[PDB]
Structure formats: C-alpha cells, structure tokens
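Student: please find the sequence and an experimentally derived structure below.
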Amino acid sequence: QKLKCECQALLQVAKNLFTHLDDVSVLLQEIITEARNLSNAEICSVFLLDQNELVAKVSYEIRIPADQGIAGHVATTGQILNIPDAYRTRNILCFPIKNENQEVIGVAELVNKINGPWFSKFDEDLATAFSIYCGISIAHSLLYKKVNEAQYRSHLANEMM
Amino acid sequence: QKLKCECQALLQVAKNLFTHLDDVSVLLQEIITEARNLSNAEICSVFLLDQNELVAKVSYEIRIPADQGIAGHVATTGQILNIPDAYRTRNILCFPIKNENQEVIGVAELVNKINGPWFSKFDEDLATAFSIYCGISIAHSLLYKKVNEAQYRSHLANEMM
Amino acid sequence: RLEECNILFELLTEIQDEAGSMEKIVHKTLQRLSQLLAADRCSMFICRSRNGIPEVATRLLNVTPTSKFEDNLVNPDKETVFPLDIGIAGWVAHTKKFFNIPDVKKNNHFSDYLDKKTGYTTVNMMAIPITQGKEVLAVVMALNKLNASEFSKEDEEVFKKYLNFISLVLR
Amino acid sequence: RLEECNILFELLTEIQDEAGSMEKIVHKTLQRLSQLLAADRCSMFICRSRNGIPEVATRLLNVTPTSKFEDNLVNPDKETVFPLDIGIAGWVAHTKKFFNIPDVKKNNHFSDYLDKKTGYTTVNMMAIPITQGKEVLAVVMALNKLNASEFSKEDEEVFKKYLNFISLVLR
C-alpha cells in the first residue's frame, strides 16, 4: 500500500518537474519543494556541478569546490550518503544527480527529518528514484537553455543586418 | 489490481512521450505505438488540426476537412466516439486531443479490437486518460518546433551579416 | 475496528483510476471476505427490473483471493437471469432477508441451474441483499465453507460487517 | 491451485518499487492468511545469531487485513529478543517443527513476556519455522482463531500452503 503510494507520488512529481523544462530556475525550485515533501526534510539545497565546482545558487549564487565538504564528496564519489547525527542541524541525506551515463551533474542535500531520528533507509531508494527524474530533467533543462541563449545572440546579430 | 496497473502503464507512457518533445514526428509516432498497446488496437492514426482541416500525415502527408467523417465529427464536437460495428474493418474508437483550454488540437482513431468484439467502455476512460498526455505533449512539442524553426531563420540571416 | 480499517484502506489503494472501479472495489472486498471466512468463493448477482418485473443476474462469480477481476466479471451477453421465484438468490431479493444456508439440498428455493451449466457444486451459503430504500440493488453470497461443515454464527457477523461497506459502495 | 495463484499475483501488484519490499511481501501475504484462517493476527519473528548463539526477535506484529506495514514493522531499537529456550517462538526455532497450539496456558514453552508488555492476550496459535538448510531465518505465527475454539487441521493445511511462498520470498 506504501510502495504503490510512492509511485503515484513520483508519477505526480515526474509530471511536475517535466512541466518546467522551460526554466531551469523554476525547475530547480520544484526539485527542492518536491524533494522536501517526498522525503519530508526540513530543508533541501541543490548543487549543479559547474566544471570543477558546485553551484547551489539556491535568491543568490553560491559557488564552492566540487570536492569539498558533504556535497563535494557525494559529487566526487557519485554515491548517496546518509547521516544519523551530523556531528537546528541534526541529520543530512545527500545524493548525486548524474546524467545519461552516470556523470554526476549536480547534487542535493536534505537536512533534518520531520517526525524522526534520521532518514529511513527507505528514504534513499525513494530519493534515488526521484534523483533519476532530477538528472533527466536538469540535463534537458540546461541543454535547452544553451540553445535559447545562443540562438538569441544569433538574431541580436541578425537583426543588425 | 487492474486500476493500479493502468497507471504504472500510463506512468510509463507519460515518461515516454515526454522524452520526445524534441521531435513532433517521433513523438507523434510514440503516441500511436503507445495508444495501440494501451487499448490493444489493430491500428491507430493521429490527426493534428491544421486550422480548418485534419492532417494525419501518418511516411506521407494526409490532409482532409476538419469536420468530415469520423475524425471530423469528433474533432468538431470535441467528444469521444465509440463504435461496436463500423458498418479488415470492424470497430473504431476515436478521441479528441484539445489543449490547456479544451480546444481540440488533434484527433486519434483506433481500429479493430484484438481479442474482442469492440472497445471496453473502460477503453475510453483509459483512452481519455492517455489523451491528456497526448494533448499536453503535442501542444508543447509543436510550440517548440515553431521557435526552433524561427530562431533558425533568424540566424541564417544573421550569419549573412 | 482496527483490522477492518486497514483492510479496507489498503484494498482501496489497489484500485486503478479507471472503470468501473466501483465494482472492482466490491470484487476486492469480496476477495478479502473469502480469506476472512475461509469461503471457497464469493459472488454477486445484480438485481434490476423491466416494467416492474424484477430479476436477478450473474455479475461477479468465483471471487477468490487469487482471482482476476476480468475473469470474475460476467460478460453482459452471457449472463444468467432468474425471476425472483427461482433460486435462493432470487428469494433473498424477494424477501430482502439475510440467510445462512447450511445445506442447499435441504432448502427449496435452491435452483441447481447454474451448478448444471458451470459444473460447480454448491453446498452451503450465506446470502444477503444490498438495498436502497424499498428496492434491491444486488445479492452477495459466500459459497462453500472450506474448514467446517457450514458457516458459523460468528461468520455471519463478519460477512454482515463487510457488507455495510459494499452497500455504501453500491451507491 | 486457482485462488492461491490469484491472491499471490494480485498481492504482488500492490508492492511499491521501494524497500524492503521483500518484507512488505511477507506482510501482505500474512494479511491474506489472516483472512483465510480468520486469525485475529499474524506475526513474524526474525531468527539470527551472535557468535553461534541463536535468538529470536520481534519483526512484524499485529498483521491484519486492515493493518499498516509501518505500524506492524518492529522498530529495530525496540525489538524484543528471546533466547531459544524461552517461548514457543524460540522453541519452534530450536526444534525446526510446526505446532498447532490450541491453548497456550497448557503449553510450557509459552512465554507471557510479550503479553505483559503489549497488553495482548494470546490464547491459541499456529507456529512454523522458515528454514534455509540447517539454519532458521524466521518463525511465523497465526494467533487467536476468531470463529472457533482453536485452529483446525484444515487450517494447518492452508497456513502450510502459504508458507512455502513466504519461505521462497525470505531468500
């Protein structure tokens, strides 16, 4: 009954992240909201690998080394990381994003469980499940910005002729 | 058990039509394949309203009046249509597409049931279910072609300067 | 009423956003009754009328914990219809009464027509009418108790408990 | 084996692509056994060892047709552990034998520790060990027959039938 329920859940969320491929910024937000209710986190932050560093702008912009701290490790290693006690902190569930291959393309971390000591070791396969849709959507979402950006500059020039 | 099954079904198909917003042509194909297995039709054809006429190019191009025949009616009326006997024909389940509003934007018809006399009056709510994802996807899929087309012409010119 | 709340809620999470789901609900409920009563199967007869003439017809047969809905749903073309003066099912519809029949061979009203057609042997039976005001919508039965010579008084209580729910759903 | 094929297949379509699903399967199977046996609840004790010392621990309690898995799953922190020389559960694990106990008050081996803690009254019981070769993985029981003074011989046959499946799953 639960298993069946975390799909309709995901079915939902899949259909919500895919209605924002338009805006990597709105999309990036959705991923956060959704990621927070799905796992029931106090807070989620999302980092998008920018070459050799993590950028979770999430509004300001926050750079940092891609291999530094929690985010950096998980990003480096490409494998989830669960924390019971981190030592209003407490716990942290942090997971990779990776693209079509398995190239971690971003990273997200949830802090503190609501109604709980930590993250259900089920809150991981569910996070991994979600995390496929985040990588699928971020990947295309960025790949679509690149075009629109370029293609725009292309005409800024052409209206010049 | 069945109800739960026609969702994972749709969950699937939602995620397959949305991985082809790139190509209204591939997408248009997907809609056909998927629409045929979901209902289990011998054949599906899909018409996209082109102003005052139906164009189910589905490879050649087939125009025809938007209000003519089965397709035309359903397209005109904006409401499904089930046929037991049509008189290797037999039956025909034909349904509208409509956009964000309820503007029928295309139409699809399935012919002849496999293992059956006709179309389960369940094969209708399932078709309507699907048909939401077809309208959602076609709508954006076309709206994305329009840009890429234009934006291209924009630079064909700009590379001229 | 703990395990009823759980059984019903969980049951309702297994029903696809599709039909016809109101009968897929009755089906699934019946599948659970089979388990709880150790009944060989449960069934439902719809009850309708034609110009003031009521009749009772096969709808769901052979419902079982491992049974498929599309296998249990009676095909409208091939549905066995009874007038209410033939059969225990028709009698339940007529009288609007519950019955715990321990031996169908000792109950006139029993009609052996379906047994002859389907090849099934019916021995004992609980039967109950689902009503809306003064008119009957269905008759539901649990056939053939598996672990005793007949359905118990206690079994009546469980069946009746789950048939408040089916009633609700059949509206 | 018709209604078993259907019950098991349908059951398996209700299990979310998630856990831990192997225990959600055992749970759901147990929920169906409750219905089929009219058992008040079923439970599972995991059996593990520490340096050659086996022990038996609460894992799934109070499984019921309307019961929630996350309510039935025992929290690893709060799990009651028994050595195998205490309890019918531990005895089943030790002997690797099936038991249909009609009155726990007349069965030494019975340990009333969980009854005292949980407040539940255990009367009768079927218990069976799930094995892998010469080592035990779990003990499963159906507690408190609802519609008779004890679980029947026939009831043993059904329980045993569904516990081939659980066994398979618990590997």
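Tutor: Arrived safely. Residues are numbered from 1 along each chain as shown, chains lettered A, B, ... in the order given.
Student: could you pull out the helices in the chain for me?
Tutor: Defaulting to chain A. A:2-17, A:24-39, A:69-77, A:125-158 (DSSP state H).
Student: chain C is the one I meant
Tutor: Going by DSSP H, chain C shows helices at C:2-12, C:21-37, C:69-72, C:88-95, C:113-118, C:153-169.
Student: contacts for the third one?
Tutor: Pointing back at helix C:69-72 there. B:1, B:2, C:23, C:24, C:27, C:60, C:61, C:62, C:63 (CB atoms under 8 Å, 6 or more residues apart in numbering or on different chains). (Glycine included, C-beta is placed from N, CA and C.)
Student: residues contacting the third one?
Tutor: Remark: with contacts taken as CB under 8 Å, 6+ apart, residue C:23 is in contact with C:59, C:60, C:69, C:73.
Student: now do the fifth one
Tutor: Residues near residue C:27 by CB under 8 Å, 6+ apart: C:60, C:63, C:69, C:72, C:73.
Student: the last one touches residue C:60, doesn't it?
Tutor: Yes. With contact taken as CB atoms under 8 Å, residue C:73 and residue C:60 are classed as touching, separated by 6.4 Å.
Student: more crowded one of these two?
Tutor: The neighbour comparison of residue C:73 against residue C:60 (other CB atoms under 10 Å in any protein chain shown) goes to residue C:60, with 22 against 18.
Student: closest one of the contacts of helix C:69-72 to residue B:110?
Tutor: Checking the contacts of helix C:69-72 against residue B:110 with CB to CB, the nearest one is residue B:2 at 19.4 Å.
Student: now do the same contact list for the closest one.
Tutor: Counted by CB under 8 Å, 6+ apart, residue B:2 has contacts C:16, C:18, C:19, C:24, C:69, C:70.
Student: give me the neighbour count for residue 62.
Tutor: I'll assume chain A. The burial count for residue A:62: 11, using other CB under 10 Å.
Student: actually it's chain C I care about, not the one you picked
Tutor: Using other CB under 10 Å: residue C:62 sits among 19 other residues.
Student: cool, and residue A:156?
Tutor: Residue A:156: 10 neighbours (other CB under 10 Å).
Student: tell me how far it lies from residue C:115.
Tutor: 84 Å (CB to CB, to the nearest Å).
Student: okay, now the residue lying closest to residue A:78 once chain neighbours are set aside: neighbour count?
Tutor: Residue nearest to residue A:78 in three dimensions, not counting chain neighbours: residue A:104, with 4.6 Å by CB to CB, 6 or more residues apart in numbering or on different chains. Number of residues near residue A:104 (other CB under 10 Å) recorded here: 21.
Student: how about the contacts made by residue A:104?
Tutor: With CB under 8 Å, 6+ apart, residue A:104 has these contacts: A:49, A:74, A:75, A:78, A:96, A:97, A:98.
Student: drop anything exposed from these.
Tutor: A:49, A:74, A:75, A:96, A:97, A:98 (16 or more other CB atoms under 10 Å in any protein chain shown).
Student: leaving out chain neighbours, which residue sits closest to the last one?
Tutor: The spatially closest residue to residue A:98, leaving aside those adjacent along the chain, is residue A:104, at 4.6 Å (CB to CB, 6+ apart).
Student: tell me the phi and psi of that neighbour?
Tutor: phi -50, psi 120 (degrees, to the nearest 10).
Student: residues contacting the closest residue to chain D within chain A?
Tutor: Nearest to chain D in chain A, going by CB to the nearest CB, is residue A:3, at a distance of 1.5 Å. Taking CB under 8 Å, 6+ apart, we find residue A:3 in contact with D:14, D:15, D:16, D:17, D:18, D:19, D:21, D:24.
Student: so what's the residue count around residue 55?
Tutor: Reading this off chain A. 17.
Student: hm, I was asking about chain C
Tutor: For residue C:55, using other CB under 10 Å, the count is 17.
Student: where does chain A get nearest to chain C, residue-wise?
Tutor: residue A:1 (4.3 Å).
Student: thinking again about what came up before, max pairwise distance over the contacts of residue C:23: which two?
Tutor: C:59 and C:69 (11.7 Å).
Student: which members of the contacts of residue A:3 additionally contact chain B?
Tutor: Among the contacts of residue A:3, the residues lying close to chain B (CB under 8 Å from any CB of the partner chain) are residue D:14.
Student: I'd like the contacts of residue A:3 as JSON lines, with distance to chain C appended.
Tutor: Formatted as JSON lines, those follow (distance: CB to the nearest CB, whole Å):
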{"residue": "D:14", "distance to chain C": "5"}
{"residue": "D:15", "distance to chain C": "10"}
{"residue": "D:16", "distance to chain C": "10"}
{"residue": "D:17", "distance to chain C": "15"}
{"residue": "D:18", "distance to chain C": "14"}
{"residue": "D:19", "distance to chain C": "16"}
{"residue": "D:21", "distance to chain C": "15"}
{"residue": "D:24", "distance to chain C": "11"}
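Student: which of the contacts of residue A:3 sits closest to chain B?
Tutor: residue D:14 (7.0 Å).
Student: JSON lines for the helices of chain C, including distance to residue D:170?
Tutor: JSON lines is the format used below for the helices of chain C (distance: least, CB to CB, whole Å):
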{"stretch": "helix C:2-12", "distance to residue D:170": "21"}
{"stretch": "helix C:21-37", "distance to residue D:170": "21"}
{"stretch": "helix C:69-72", "distance to residue D:170": "29"}
{"stretch": "helix C:88-95", "distance to residue D:170": "43"}
{"stretch": "helix C:113-118", "distance to residue D:170": "38"}
{"stretch": "helix C:153-169", "distance to residue D:170": "30"}
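Student: the ones you listed: which one's closest to residue C:133?
Tutor: Comparing the helices of chain C by CB to CB, helix C:153-169 comes nearest, at 12.1 Å.
Student: and chain B, is the closest one touching that?
Tutor: No. Judged by CB under 8 Å from any CB, helix C:153-169 stays clear of chain B, getting no closer than 14.0 Å.
Student: turn the contacts of residue B:2 into CSV, including distance to residue A:67.
Tutor: As requested, the contacts of residue B:2 are arranged in CSV below (distance: CB to CB, whole Å):
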residue, distance to residue A:67
C:16, 47
C:18, 50
C:19, 54
C:24, 53
C:69, 55
C:70, 56
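Student: residue C:74 - how many residues pack around it?
Tutor: For residue C:74, using other CB under 10 Å, the count is 18.
Student: ok, now which ones touch the residue nearest to the spatial centre of chain C?
Tutor: Centroid-nearest residue in chain C, with CA atoms, centre = their mean: residue C:140, separated by 2.2 Å. Applying CB under 8 Å, 6+ apart, we find residue C:140 in contact with C:26, C:30, C:42, C:43, C:44, C:45, C:127, C:128, C:130, C:163, C:166.
Student: follow-up on the earlier one: need the helices of chain A in TSV (columns: distance to residue C:35).
Tutor: Listed next are those as TSV, based on distance: least, CB to CB, whole Å:
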stretch	distance to residue C:35
helix A:2-17	19
helix A:24-39	33
helix A:69-77	46
helix A:125-158	30
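Student: for stretch C:122-141, list the C-alpha coordinates in CSV.
Tutor: Extracted in CSV, the C-alpha atoms of stretch C:122-141 (Å, rounded to 0.1, in the frame of the first residue of the first chain):
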residue,chain,number,x,y,z
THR,C,122,-22.8,-25.6,-4.3
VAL,C,123,-23.2,-27.0,-0.8
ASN,C,124,-23.7,-24.2,1.8
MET,C,125,-24.1,-20.5,1.5
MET,C,126,-24.6,-17.1,3.2
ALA,C,127,-26.7,-14.7,1.2
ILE,C,128,-27.6,-11.1,1.8
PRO,C,129,-29.4,-8.4,-0.2
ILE,C,130,-27.9,-5.0,-0.8
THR,C,131,-30.8,-2.5,-0.7
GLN,C,132,-31.6,1.2,-1.5
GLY,C,133,-34.8,2.1,0.3
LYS,C,134,-37.6,-0.3,-0.7
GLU,C,135,-35.6,-1.6,-3.8
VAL,C,136,-32.9,-4.2,-4.1
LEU,C,137,-29.6,-3.5,-6.0
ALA,C,138,-27.7,-6.8,-5.6
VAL,C,139,-27.4,-10.1,-3.7
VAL,C,140,-24.0,-11.1,-2.4
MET,C,141,-23.1,-14.6,-1.3
